[PDB]
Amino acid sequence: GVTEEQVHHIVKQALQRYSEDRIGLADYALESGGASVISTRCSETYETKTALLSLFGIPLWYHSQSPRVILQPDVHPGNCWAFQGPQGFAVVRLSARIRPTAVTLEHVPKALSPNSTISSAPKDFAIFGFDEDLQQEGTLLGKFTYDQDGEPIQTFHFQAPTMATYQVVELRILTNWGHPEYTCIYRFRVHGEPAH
């Protein structure tokens, strides 16, 4: 038996957690906080030549999603960086040098996707740390799989992370969930502990 008052408090706490970027963890990869995509290696943007901007009927411009969007909070359907194939890369300079402890990856939920499936979602992926530049050899921090049957937002704690700190990390997508032309990345976050 729970009182009305306890219900209120439980609701209050859940909404405060909801309002703290859903998961309550600072994101060192958030663009507005000072992070950016610095390279995509040889990732080939999947360009469809479909979203056409025009005025008085004059074709002006084809819009497509920048890699930058993976560090942007708006994750409505279609607001994702799409690359060709199931193999892609994004190198991110974090907003502060940290010891990384977890990353988060999300995708649009099935309920909002057509046919209720998300085969364009990343599946297996890995995270690498770069101690200085992005040309030296990456150190693997973790390998993980984004689960298409889990929550749209999934957090991934490194098992036995070292004490090394990094300001450059790379998200590598290895496979996807079956989509034959592309892979969509909605948002990638990186969490950890700053220099203390």
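The term rigid core refers to the maximal set of C-alpha atoms that superpose within 1.5 Å between the two forms. A residue's number is simply how far along the shown sequence it sits, counting from 1.
Taken in 6 other deposited structures of this protein and fitted on the core, 125-133 and 60-68 differ in how far their Cα atoms move from the shown form, and the one that moves more is 60-68.
After superposing on the rigid core, the larger RMS C-alpha deviation in 6 other deposited structures of this protein belongs to 41-49, the other candidate being whichever of 41-49 and 137-145 remains. Comparing the deposited coordinates for 167-175 and 38-46, the stretch with the larger average C-alpha B-factor is 38-46. Comparing 83-91 with 69-77, the higher mean C-alpha B-factor in the PDB entry belongs to 83-91. Across the residues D147, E31, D27, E137, the deposited record lists the maximum Cα B factor for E137. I127 sits in the middle third of its chain by CA B factor, as recorded in the PDB entry. For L141, the recorded CA B-factor ranks within the middle third of the chain. Only modelled residues enter the ranking. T117: CA B factor in the highest third of modelled residues in this chain (values from the PDB entry).
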